[PDB]
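Below is the file input_18.txt, which contains compact mmCIF, C-alpha atoms and all ligand atoms.
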# COMPACT_ATOMS: atom_id res chain seq x y z
CA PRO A 1 157.58 207.22 324.12
CA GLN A 2 159.09 204.47 322.03
CA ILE A 3 162.86 204.70 322.35
CA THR A 4 165.02 203.26 319.58
CA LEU A 5 168.27 201.46 320.45
CA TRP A 6 170.23 202.48 317.38
CA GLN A 7 171.80 205.06 319.69
CA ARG A 8 172.40 205.11 323.47
CA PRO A 9 169.05 205.75 325.19
CA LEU A 10 169.96 209.04 326.89
CA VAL A 11 167.26 211.14 328.55
CA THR A 12 167.00 214.23 330.71
CA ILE A 13 166.36 213.72 334.39
CA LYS A 14 165.48 216.20 337.08
CA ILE A 15 166.91 215.49 340.50
CA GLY A 16 167.77 217.62 343.53
CA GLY A 17 166.87 220.72 341.54
CA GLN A 18 169.37 219.83 338.80
CA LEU A 19 168.87 218.81 335.16
CA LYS A 20 171.13 216.00 334.00
CA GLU A 21 171.52 213.49 331.19
CA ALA A 22 171.36 209.80 332.07
CA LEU A 23 171.34 206.44 330.35
CA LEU A 24 168.28 204.14 330.58
CA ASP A 25 169.76 200.78 331.54
CA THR A 26 167.52 197.70 331.72
CA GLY A 27 170.55 195.66 332.85
CA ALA A 28 171.21 197.80 335.93
CA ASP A 29 169.75 196.89 339.33
CA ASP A 30 170.40 200.37 340.71
CA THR A 31 170.44 204.00 339.65
CA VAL A 32 173.88 205.55 339.95
CA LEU A 33 174.82 209.18 339.35
CA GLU A 34 178.10 211.05 339.24
CA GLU A 35 179.02 213.06 342.32
CA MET A 36 176.30 215.47 343.44
CA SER A 37 174.71 216.61 346.67
CA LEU A 38 171.42 215.11 347.89
CA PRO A 39 169.55 215.87 351.12
CA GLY A 40 168.81 213.40 353.91
CA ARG A 41 170.41 210.27 355.36
CA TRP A 42 172.77 208.04 353.41
CA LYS A 43 174.80 204.87 353.89
CA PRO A 44 177.76 203.44 351.99
CA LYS A 45 177.39 200.70 349.35
CA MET A 46 179.66 198.82 347.01
CA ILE A 47 178.26 198.15 343.55
CA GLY A 48 179.78 195.97 340.87
CA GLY A 49 179.87 196.13 337.11
CA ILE A 50 182.29 195.35 334.33
CA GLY A 51 185.74 196.17 335.70
CA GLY A 52 184.88 195.52 339.35
CA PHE A 53 183.35 197.50 342.18
CA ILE A 54 182.99 201.14 343.23
CA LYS A 55 181.95 202.68 346.54
CA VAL A 56 178.89 204.91 346.45
CA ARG A 57 176.59 206.75 348.82
CA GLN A 58 173.06 205.37 348.96
CA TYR A 59 170.20 207.88 349.39
CA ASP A 60 166.68 206.54 349.83
CA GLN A 61 163.29 208.09 348.93
CA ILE A 62 164.65 210.64 346.46
CA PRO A 63 162.16 212.25 344.05
CA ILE A 64 163.20 212.22 340.41
CA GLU A 65 161.60 213.10 337.10
CA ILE A 66 162.59 210.98 334.11
CA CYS A 67 161.63 212.15 330.65
CA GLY A 68 158.62 213.93 332.19
CA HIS A 69 157.60 211.09 334.49
CA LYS A 70 157.73 211.45 338.29
CA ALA A 71 159.01 208.68 340.51
CA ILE A 72 160.68 208.21 343.85
CA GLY A 73 163.38 205.75 344.85
CA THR A 74 166.92 204.98 345.88
CA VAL A 75 169.70 206.93 344.15
CA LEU A 76 173.36 206.00 344.47
CA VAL A 77 176.00 208.69 344.07
CA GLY A 78 179.71 208.13 343.40
CA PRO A 79 182.50 207.85 340.86
CA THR A 80 180.52 206.20 338.07
CA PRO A 81 181.90 206.94 334.59
CA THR A 82 178.37 207.86 333.51
CA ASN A 83 174.88 208.53 334.91
CA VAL A 84 172.77 205.36 334.80
CA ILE A 85 169.02 204.95 335.45
CA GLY A 86 168.42 201.41 336.66
CA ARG A 87 165.45 199.13 337.07
CA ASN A 88 164.44 200.50 340.46
CA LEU A 89 163.26 203.69 338.75
CA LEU A 90 162.51 202.31 335.27
CA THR A 91 159.67 200.21 336.75
CA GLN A 92 158.10 203.30 338.28
CA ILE A 93 157.73 205.08 334.94
CA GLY A 94 156.29 201.98 333.26
CA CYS A 95 159.31 201.18 331.13
CA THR A 96 159.32 197.89 329.22
CA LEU A 97 161.50 196.16 326.65
CA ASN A 98 159.57 195.16 323.54
CA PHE A 99 160.42 192.95 320.58
CA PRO B 101 157.40 189.86 324.00
CA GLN B 102 156.99 192.71 326.45
CA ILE B 103 159.42 192.48 329.35
CA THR B 104 158.88 194.46 332.51
CA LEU B 105 161.74 195.31 334.79
CA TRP B 106 160.64 194.28 338.27
CA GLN B 107 163.16 191.46 337.95
CA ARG B 108 166.38 191.27 335.92
CA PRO B 109 165.58 190.81 332.23
CA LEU B 110 167.29 187.46 331.96
CA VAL B 111 166.64 185.47 328.82
CA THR B 112 167.95 182.30 327.26
CA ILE B 113 170.40 182.65 324.37
CA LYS B 114 171.86 180.02 322.12
CA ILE B 115 175.41 180.29 320.83
CA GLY B 116 177.67 177.58 319.46
CA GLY B 117 174.85 175.07 319.95
CA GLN B 118 174.67 175.73 323.71
CA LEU B 119 172.05 177.46 325.84
CA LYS B 120 173.12 180.17 328.28
CA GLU B 121 171.37 182.87 330.33
CA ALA B 122 172.04 186.50 329.51
CA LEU B 123 170.84 189.91 330.61
CA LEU B 124 169.20 192.34 328.15
CA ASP B 125 171.09 195.56 328.78
CA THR B 126 170.12 198.76 326.98
CA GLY B 127 173.01 200.50 328.77
CA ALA B 128 175.58 198.32 326.96
CA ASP B 129 176.91 199.25 323.52
CA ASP B 130 178.34 195.76 323.11
CA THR B 131 177.53 192.13 323.97
CA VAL B 132 179.94 190.57 326.46
CA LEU B 133 179.95 186.91 327.45
CA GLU B 134 181.76 184.87 330.06
CA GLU B 135 184.69 182.72 328.98
CA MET B 136 183.78 180.29 326.23
CA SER B 137 185.17 178.98 322.95
CA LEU B 138 184.26 180.53 319.61
CA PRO B 139 185.53 179.84 316.12
CA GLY B 140 187.87 181.84 313.96
CA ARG B 141 190.19 184.73 314.70
CA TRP B 142 189.64 187.38 317.33
CA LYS B 143 190.72 191.02 317.70
CA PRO B 144 191.51 192.91 320.91
CA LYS B 145 189.12 195.33 322.56
CA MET B 146 189.26 197.27 325.82
CA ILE B 147 185.81 197.95 327.24
CA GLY B 148 184.83 200.14 330.15
CA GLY B 149 182.19 199.55 332.77
CA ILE B 150 181.24 201.02 336.10
CA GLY B 151 184.25 199.45 337.84
CA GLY B 152 186.87 200.18 335.20
CA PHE B 153 188.32 198.65 332.07
CA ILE B 154 188.77 195.07 330.94
CA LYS B 155 190.42 193.36 327.98
CA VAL B 156 188.16 191.11 325.93
CA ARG B 157 188.33 188.99 322.78
CA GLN B 158 186.22 190.31 319.92
CA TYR B 159 184.64 187.75 317.59
CA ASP B 160 182.72 188.99 314.56
CA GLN B 161 179.75 187.60 312.65
CA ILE B 162 178.80 185.03 315.27
CA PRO B 163 175.31 183.48 315.06
CA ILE B 164 173.39 183.89 318.30
CA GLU B 165 169.72 183.27 319.14
CA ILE B 166 168.19 185.58 321.74
CA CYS B 167 164.80 184.48 323.12
CA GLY B 168 164.42 182.52 319.89
CA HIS B 169 165.18 185.57 317.72
CA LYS B 170 168.07 185.06 315.30
CA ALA B 171 171.00 187.48 315.20
CA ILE B 172 174.52 187.34 313.76
CA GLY B 173 177.02 189.82 315.08
CA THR B 174 179.89 190.78 317.28
CA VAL B 175 180.42 188.96 320.56
CA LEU B 176 183.06 189.93 323.13
CA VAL B 177 184.40 187.26 325.48
CA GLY B 178 186.09 188.05 328.79
CA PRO B 179 185.88 188.38 332.57
CA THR B 180 182.41 189.86 332.90
CA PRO B 181 180.24 189.54 336.02
CA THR B 182 177.39 188.24 333.84
CA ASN B 183 176.51 187.56 330.21
CA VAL B 184 175.21 190.85 328.80
CA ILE B 185 173.37 191.38 325.53
CA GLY B 186 174.02 194.92 324.29
CA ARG B 187 172.50 197.24 321.73
CA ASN B 188 174.48 195.73 318.84
CA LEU B 189 172.28 192.62 319.08
CA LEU B 190 169.17 194.20 320.67
CA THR B 191 168.81 196.22 317.44
CA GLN B 192 169.04 193.06 315.35
CA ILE B 193 166.08 191.49 317.17
CA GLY B 194 163.98 194.64 316.93
CA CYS B 195 164.05 195.68 320.57
CA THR B 196 162.81 199.05 321.77
CA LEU B 197 162.16 200.73 325.11
CA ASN B 198 158.60 201.86 325.74
CA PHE B 199 156.88 203.86 328.45
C1 LIG A 201 180.16 202.26 326.18
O1 LIG A 201 180.57 201.41 327.25
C2 LIG A 201 179.61 200.54 327.62
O2 LIG A 201 178.62 200.34 326.90
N1 LIG A 201 179.89 199.74 328.63
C3 LIG A 201 178.92 198.78 329.17
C4 LIG A 201 178.51 199.21 330.58
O3 LIG A 201 179.21 198.94 331.57
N2 LIG A 201 177.49 200.11 330.58
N3 LIG A 201 177.27 200.79 331.63
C5 LIG A 201 175.87 200.60 332.06
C6 LIG A 201 175.74 199.57 333.21
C7 LIG A 201 176.11 198.14 332.77
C8 LIG A 201 175.63 197.09 333.80
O4 LIG A 201 174.19 197.03 333.71
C9 LIG A 201 176.21 195.69 333.41
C10 LIG A 201 176.00 194.71 334.40
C11 LIG A 201 174.74 194.16 334.64
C12 LIG A 201 174.55 193.22 335.65
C13 LIG A 201 175.60 192.82 336.47
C14 LIG A 201 176.86 193.39 336.25
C15 LIG A 201 177.07 194.27 335.19
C16 LIG A 201 175.38 191.86 337.48
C17 LIG A 201 176.06 192.12 338.68
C18 LIG A 201 175.73 193.15 339.56
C19 LIG A 201 174.71 194.09 339.37
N4 LIG A 201 175.32 195.36 338.93
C20 LIG A 201 174.59 196.31 338.24
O5 LIG A 201 173.37 196.13 338.17
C21 LIG A 201 175.24 197.38 337.58
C22 LIG A 201 174.63 198.69 338.09
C23 LIG A 201 174.93 198.82 339.60
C24 LIG A 201 175.22 199.90 337.35
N5 LIG A 201 175.01 197.26 336.12
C25 LIG A 201 175.99 197.39 335.14
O6 LIG A 201 177.16 197.57 335.50
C26 LIG A 201 177.50 202.22 331.35
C27 LIG A 201 178.87 202.53 331.16
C28 LIG A 201 179.28 203.16 330.00
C29 LIG A 201 180.61 203.57 329.84
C30 LIG A 201 181.55 203.28 330.81
BR1 LIG A 201 183.38 203.83 330.59
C31 LIG A 201 181.14 202.61 331.96
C32 LIG A 201 179.80 202.29 332.17
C33 LIG A 201 179.48 197.36 329.07
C34 LIG A 201 180.89 197.28 329.68
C35 LIG A 201 178.54 196.38 329.78
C36 LIG A 201 179.55 196.98 327.59
CL CL A 202 164.22 202.09 344.97
CL CL A 203 154.02 197.12 335.45
CL CL A 204 177.32 193.44 315.79
Would you give me this structure, written as structure tokens?
Amino acid sequence: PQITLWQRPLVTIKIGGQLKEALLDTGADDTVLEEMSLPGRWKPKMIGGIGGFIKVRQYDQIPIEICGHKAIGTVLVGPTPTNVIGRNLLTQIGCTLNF
Amino acid sequence: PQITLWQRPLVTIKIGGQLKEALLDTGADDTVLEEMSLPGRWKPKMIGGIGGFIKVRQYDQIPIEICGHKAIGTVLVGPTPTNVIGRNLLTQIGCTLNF
């Protein structure tokens, strides 16, 4: 699609058998979701943004579907104020900024 | 231009006659810059990011060039980890997301 930026670019994602809303963020290195369960190994990470850092669990090789498009990558889970889809997954669905 | 996301979408901006680097961030409502001097009066704003809240100085109607594209709008100045260009100015330069 072509997604306007008059409003927040929120889309539906499918992950771990759940449907969720998340924000497409070209400025984010990583994808970070509010608390949820995911299968497999994880390790702890600290990630920084405006306001400082939060501790999250890093899960690798997680399948996800974003706006209909399948990808696989690293998903971080923790006390983020909002679900964010970062560049690690945006690249996989062919997302570009255009102007 | 068309900017892919395999690296951070860092571009050159010009503000107050000076060049700076800033990140194009579709996840950001607002544009937040690192400490700098701007003209006129400012108003308070509290903005929230992944790590919590910060206090910034809001300046309105500031001219800013982004990748050579002229904009004039609201710039927040405060203790941000990086210069971020948010949707308030991305809409002025005709940016969309495409995949
Ligand atoms: C409506 O309120 C907002 O618009 N607030 C914006 C904001 O914070 N938007 N949030 C998206 C992520 C922003 C950002 O891309 C910004 C950023 C980019 C690069 C770097 C730091 C910060 C560089 C350093 C480290 C890399 N670090 C990230 O790459 C991190 C990732 C690990 C999530 N990236 C980010 O944190 C969503 C959000 C929304 C509501 C609330 Br309450 C909290 C979060 C703000 C404060 C920038 C205007
Ligand atoms: Cl990844
Ligand atoms: Cl590509
Ligand atoms: Cl503005």
(message) Show me which residues line ligand CL 203 (chain A), defined as having an atom within 12 Å of a ligand atom where only C-alpha atoms and all ligand atoms count, and present them as number ranges by chain.
(response) A: 87, 89-97; B: 102-107, 198-199
Residues of chain A within 12 Å of chain B: nearest atom pair and distance (Å, one decimal) for each, counting all atoms listed in the file, sorted by chain and number, as a tab-separated table?
residue	atom	partner	partner_atom	distance
A:1	CA	B:199	CA	5.5
A:2	CA	B:198	CA	4.6
A:3	CA	B:197	CA	4.9
A:4	CA	B:196	CA	5.2
A:5	CA	B:191	CA	6.1
A:6	CA	B:191	CA	6.4
A:7	CA	B:187	CA	8.1
A:8	CA	B:127	CA	7.1
A:9	CA	B:126	CA	7.3
A:10	CA	B:127	CA	9.3
A:22	CA	B:127	CA	10.0
A:23	CA	B:127	CA	6.4
A:24	CA	B:127	CA	6.2
A:25	CA	B:127	CA	4.3
A:26	CA	B:125	CA	5.1
A:27	CA	B:125	CA	4.1
A:28	CA	B:125	CA	7.5
A:29	CA	B:108	CA	7.4
A:30	CA	B:108	CA	11.0
A:31	CA	B:127	CA	11.7
A:32	CA	B:150	CA	9.5
A:33	CA	B:150	CA	10.9
A:34	CA	B:150	CA	11.0
A:46	CA	B:151	CA	10.3
A:47	CA	B:151	CA	8.4
A:48	CA	B:151	CA	6.4
A:49	CA	B:150	CA	5.2
A:50	CA	B:149	CA	4.5
A:51	CA	B:151	CA	4.2
A:52	CA	B:151	CA	4.3
A:53	CA	B:151	CA	4.8
A:54	CA	B:151	CA	5.8
A:55	CA	B:151	CA	9.6
A:56	CA	B:150	CA	11.3
A:66	CA	B:199	CA	10.7
A:67	CA	B:199	CA	9.8
A:68	CA	B:199	CA	10.9
A:69	CA	B:199	CA	9.4
A:78	CA	B:150	CA	10.3
A:79	CA	B:150	CA	8.4
A:80	CA	B:150	CA	5.6
A:81	CA	B:150	CA	6.1
A:82	CA	B:150	CA	7.9
A:83	CA	B:150	CA	9.9
A:84	CA	B:127	CA	7.7
A:85	CA	B:127	CA	9.0
A:86	CA	B:127	CA	9.2
A:87	CA	B:105	CA	5.8
A:88	CA	B:106	CA	7.6
A:89	CA	B:105	CA	9.4
A:90	CA	B:105	CA	7.1
A:91	CA	B:105	CA	5.7
A:92	CA	B:106	CA	9.4
A:93	CA	B:199	CA	6.7
A:94	CA	B:199	CA	5.2
A:95	CA	B:199	CA	4.5
A:96	CA	B:104	CA	4.8
A:97	CA	B:197	CA	4.9
A:98	CA	B:102	CA	4.6
A:99	CA	B:195	CA	4.5
(request) Give as a ChimeraX atom specification the set of residues within 10 Å of the point (167.4, 180.3, 319.3), where distances use the file's coordinates and only C-alpha atoms. (result) /B:112-115,117-119,163-171
(request) Tell me which of B:111, B:121, B:157, B:116 sits closest to residue B:135, counting all atoms listed in the file. (result)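 Of the candidates, the smallest distance to residue B:135 is held by B:157.
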(message) For a test of reading the model, state the distance in Å between atom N4 of ligand LIG 201 (chain A) and atom CA of residue A:20, rounded to one decimal.
(response) 21.6 Å
(request) Would you mind reading off the distance between atom CA of residue A:41 and atom CA of residue A:76, one decimal, in Å? (result)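 Pair atom CA of residue A:41 / atom CA of residue A:76 returns 12.1 Å.
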(request) Rounded to one decimal place, report the atom CA of residue A:60-atom CA of residue A:40 distance in Å. (result)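 Taking atom CA of residue A:60 and atom CA of residue A:40, their separation equals 8.3 Å.
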Any chance you could model N, CA, C and O atoms for stretch 50-65 of chain A and send them as a JSON list (two decimals), keeping the file's coordinate frame?
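Contents of the output file rebuild_23.json:
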[["chain", "number", "residue", "atom", "x", "y", "z"],
["A", 50, "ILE", "N", 181.10, 195.74, 335.07],
["A", 50, "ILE", "CA", 182.29, 195.35, 334.33],
["A", 50, "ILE", "C", 183.47, 196.18, 334.85],
["A", 50, "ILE", "O", 183.33, 197.38, 335.11],
["A", 51, "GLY", "N", 184.54, 195.49, 335.21],
["A", 51, "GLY", "CA", 185.74, 196.17, 335.70],
["A", 51, "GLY", "C", 185.88, 196.11, 337.21],
["A", 51, "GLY", "O", 186.95, 196.42, 337.75],
["A", 52, "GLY", "N", 184.83, 195.66, 337.89],
["A", 52, "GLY", "CA", 184.88, 195.52, 339.35],
["A", 52, "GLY", "C", 183.96, 196.49, 340.06],
["A", 52, "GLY", "O", 182.93, 196.89, 339.53],
["A", 53, "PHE", "N", 184.28, 196.81, 341.31],
["A", 53, "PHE", "CA", 183.35, 197.50, 342.18],
["A", 53, "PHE", "C", 183.75, 198.95, 342.42],
["A", 53, "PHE", "O", 184.94, 199.31, 342.42],
["A", 54, "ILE", "N", 182.75, 199.78, 342.72],
["A", 54, "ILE", "CA", 182.99, 201.14, 343.23],
["A", 54, "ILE", "C", 182.15, 201.40, 344.47],
["A", 54, "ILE", "O", 181.12, 200.76, 344.68],
["A", 55, "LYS", "N", 182.66, 202.25, 345.35],
["A", 55, "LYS", "CA", 181.95, 202.68, 346.54],
["A", 55, "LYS", "C", 181.10, 203.90, 346.22],
["A", 55, "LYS", "O", 181.55, 204.86, 345.60],
["A", 56, "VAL", "N", 179.87, 203.86, 346.71],
["A", 56, "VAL", "CA", 178.89, 204.91, 346.45],
["A", 56, "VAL", "C", 178.13, 205.20, 347.72],
["A", 56, "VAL", "O", 178.24, 204.46, 348.71],
["A", 57, "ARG", "N", 177.48, 206.36, 347.74],
["A", 57, "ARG", "CA", 176.59, 206.75, 348.82],
["A", 57, "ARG", "C", 175.16, 206.44, 348.40],
["A", 57, "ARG", "O", 174.72, 206.82, 347.32],
["A", 58, "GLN", "N", 174.43, 205.75, 349.26],
["A", 58, "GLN", "CA", 173.06, 205.37, 348.96],
["A", 58, "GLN", "C", 172.09, 206.32, 349.66],
["A", 58, "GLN", "O", 172.02, 206.33, 350.88],
["A", 59, "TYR", "N", 171.27, 207.00, 348.87],
["A", 59, "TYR", "CA", 170.20, 207.88, 349.39],
["A", 59, "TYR", "C", 168.86, 207.25, 349.05],
["A", 59, "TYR", "O", 168.57, 206.99, 347.89],
["A", 60, "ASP", "N", 167.99, 207.12, 350.05],
["A", 60, "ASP", "CA", 166.68, 206.54, 349.83],
["A", 60, "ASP", "C", 165.57, 207.60, 349.71],
["A", 60, "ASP", "O", 165.76, 208.73, 350.14],
["A", 61, "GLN", "N", 164.50, 207.25, 349.00],
["A", 61, "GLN", "CA", 163.29, 208.09, 348.93],
["A", 61, "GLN", "C", 163.59, 209.44, 348.28],
["A", 61, "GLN", "O", 163.23, 210.50, 348.82],
["A", 62, "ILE", "N", 164.34, 209.42, 347.19],
["A", 62, "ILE", "CA", 164.65, 210.64, 346.46],
["A", 62, "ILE", "C", 163.70, 210.83, 345.29],
["A", 62, "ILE", "O", 163.57, 209.94, 344.44],
["A", 63, "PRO", "N", 163.01, 211.99, 345.22],
["A", 63, "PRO", "CA", 162.16, 212.25, 344.05],
["A", 63, "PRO", "C", 162.99, 212.51, 342.80],
["A", 63, "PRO", "O", 164.04, 213.13, 342.87],
["A", 64, "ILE", "N", 162.49, 212.04, 341.67],
["A", 64, "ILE", "CA", 163.20, 212.22, 340.41],
["A", 64, "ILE", "C", 162.15, 212.31, 339.32],
["A", 64, "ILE", "O", 161.01, 211.88, 339.50],
["A", 65, "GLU", "N", 162.46, 213.06, 338.27],
["A", 65, "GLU", "CA", 161.60, 213.10, 337.10],
["A", 65, "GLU", "C", 162.37, 212.62, 335.88],
["A", 65, "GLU", "O", 163.47, 213.10, 335.62]]
